[PDB]
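In the block that follows, a single chain appears as structure tokens, in the form deposited in one PDB entry.
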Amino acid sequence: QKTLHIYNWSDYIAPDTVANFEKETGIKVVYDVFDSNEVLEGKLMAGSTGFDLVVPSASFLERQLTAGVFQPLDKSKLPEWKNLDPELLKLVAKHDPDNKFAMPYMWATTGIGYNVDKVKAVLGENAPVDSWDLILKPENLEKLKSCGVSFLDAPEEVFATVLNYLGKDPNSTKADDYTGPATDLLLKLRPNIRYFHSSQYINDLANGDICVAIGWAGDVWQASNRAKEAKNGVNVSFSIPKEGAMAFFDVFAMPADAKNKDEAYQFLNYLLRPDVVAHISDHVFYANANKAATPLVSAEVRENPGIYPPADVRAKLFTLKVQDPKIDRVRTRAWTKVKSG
């Protein structure tokens, strides 16, 4: 009789996941969608979210835990918790100690989505698609300028990527690293960037309006799938460059003021079933954090090194650390200057 309120990212669930859950349990689910961590973090901090389950990034959940906005998950009501990958739990544990608040849902990387034919036409057959040189080196970006360049509107991810590319600590705590070399490189690349956006690059890659983009893996693969299913001749690929890339973990969490927690636990345990979350990965092209589900996901997604990256690629991935207010202020203030001109 009661209702379950879920707040998740867009295109972050299979089309029939909710319907199958309702038929199994008899619980009516109302499903709303967001497209930014700052939007979710806004509703979480501004007051009551009105939801029973939310899906923030692990790095943002750590900041939200300091405000007490979430309720610790009763593991006794999640028996299928064992299906989760223990190594991914340890990575999320850096933001959520002992995994008390967050259930890992999906994870991917921040890399380069690009049009294969357009990039090879501009930079040759030997285009450095395996390196951040493709998009972070000015001479490459100046020639790709004509076919469209877009960056994420995510200063924390872009600065960490630039710092790692420049040989610095990706989570550097020195403000001069952000205002100095990181900003200098970004200003050299700025005149060649068409726009800064965290979702528009998907359709623009699919229809061919842009040729290269900093984007999240599953978003680029969804853009690639829309181009193939549209039969428009657009070939979109994704690359985790050799210099390393930022990894993120999207997690389910329960706000402290959630109304129907019992129904929420039923939905979390439903997502912990290997067949349920494997079917989601088949449709959203994101690697799930369920170790038992990995053999169940389709080969077209499982064997993609841009979705389930191999061990030698995972060893070069880094994660975001939460910065103090001085670095967050410096990093955000410098990002505003870059976007202007």
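Numbers follow the displayed sequence, beginning with 1.
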On mean C-alpha B-factor from the PDB entry, just flag whether 98-106 or 68-76 is the higher one.
-> 68-76
Compare the mean C-alpha B-factor of 209-217 with that of 172-180 as given in the PDB entry, and name the stretch with the higher value.
-> 172-180
At the C-alpha atoms, which of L61, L53, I307, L296 reaches the highest B-factor in this entry?
-> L296
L136 - Cα temperature factor, lowest/middle/highest third of chain | middle
Compare the C-alpha B factor of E125 with those of the other modelled residues in its chain, then answer lowest, middle or highest third.
-> highest
Divide the modelled residues of the chain into thirds by Cα B-factor and specify which third, lowest, middle or highest, holds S281.
-> lowest
Ranked C-alpha temperature factor of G113 among modelled chain residues, by third | lowest
Sorting the chain's modelled residues by C-alpha B-factor and splitting them into thirds places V338 in the highest
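Although it is not shown, the form deposited in another entry is what the next lines describe.
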Hey, with one rigid portion rotating against the other between the shown form and the other one, which of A223, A108, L189, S150 would you call the hinge?
-> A108
Closer or farther: the CA pair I280/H197 in the other entry, versus this form, with a change of 3 Å or more?
-> farther
Pairwise C-alpha change, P97 versus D169, in the other entry against this form - closer or farther, 3 angstroms or more = closer
